[PDB]
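Read through the structure below, which is laid out as structure tokens, and then see the notes.
Cβ sites come from the backbone with ideal geometry, for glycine too, and all protein chains shown count toward neighbours. Just so it is clear, none of the values below were taken in a lab; they were calculated from the coordinates.
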Amino acid sequence: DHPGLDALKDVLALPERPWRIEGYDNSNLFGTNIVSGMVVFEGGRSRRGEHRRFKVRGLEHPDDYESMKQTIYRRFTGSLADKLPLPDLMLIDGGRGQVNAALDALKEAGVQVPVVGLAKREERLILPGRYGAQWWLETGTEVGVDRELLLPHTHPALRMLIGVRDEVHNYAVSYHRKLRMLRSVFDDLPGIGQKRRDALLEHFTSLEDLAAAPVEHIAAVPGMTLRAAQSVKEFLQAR
């Protein structure tokens, strides 16, 4: 019995139970290391032996959209495309910009895989079109409101996707833990001090992600104040 998977199928209008789910994120927190995580779920259970780490290359400046687009394109072309089974559903740890990046890569790869996003630091689902996770549908019955779905926190479809996010975020946290005699990209933030600098590393994925985030998300970080959050916002968008 798979409550979460069955709910996903109905809620995202999938053609069948999503037995294979792949989760993706992207960070650049230490030096020039731009890294994308891929986590694999089969039958609603993580398969850690199948997780993968993509080193993003060819970028001379960070760019979260291009970082996600390259990862997805890599995943659905060459060797991996040949070797790996297509997921039934891809989960993007990212808002609309990161969902767009995934769809862009899929279109360029010539592949049709259903996609849904989770808005960073929120529980809002981001849908890739109007008709659910199958973003290539031209018509059908509308899913969600303005291409988003808000579900109660304990809803089984939501808890499942939030578990995939937790797994990919944790995989990121593990890698950055290892990387840490290099300063973090947040070590240049003024007005906040070193306890708050380090608290941001858990909640944000890159200078770009921090800079675009509502000041309210920054202030909600434990250890932060509306004040230190205004200070970060102002410094990054000064540069």
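Out of the stretch 24-123, which GluC sites (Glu not before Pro) are coil in DSSP terms and have no more than 11 other C-beta atoms within 10 Å? Could the numbers behind the result be given before it?
On the way: sites: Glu42, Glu50, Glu60, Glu66, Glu108, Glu122, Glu123; in loops: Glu60, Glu122, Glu123.
Answer by residue number: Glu60.
Over the stretch 99-191, the hull volume per residue, using the convex hull of the C-alpha atoms, is 170 Å³. Using the empirical formula 2.2 N^0.38 Å as the baseline, the Cα radius of gyration of the stretch 179-238 reaches a ratio of 1.00.
Given a cut-off of 20 Å, name the pairs among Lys69/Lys233; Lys195/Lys233; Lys55/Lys178 whose C-alpha atoms lie farther apart than that in the structure shown.
Values: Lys69/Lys233 26 Å; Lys195/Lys233 17 Å; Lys55/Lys178 15 Å.
Those over the limit are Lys69/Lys233.
Taking 2.2 N^0.38 Å as the expected size of a compact globular protein, what ratio does the Cα radius of gyration of the chain give against it, to two decimals? It is 1.02. Dipole magnitude for the stretch 179-238: computed about the Cα centre from +1 point charges on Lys and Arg Cβ and -1 point charges on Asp and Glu Cβ, it is near 220 debye.
State to the nearest 20 debye the size of the charge dipole of the chain about its Cα centre, where the only charges are +1 on K and R beta carbons and -1 on D and E beta carbons.
Numbers: 33 positive and 33 negative charges, 170 e Å.
Value, rounded to 20: 820 debye.
When Rg and Dmax are taken over the Cα atoms of the stretch 1-98, they come to 14.6, 48 Å.
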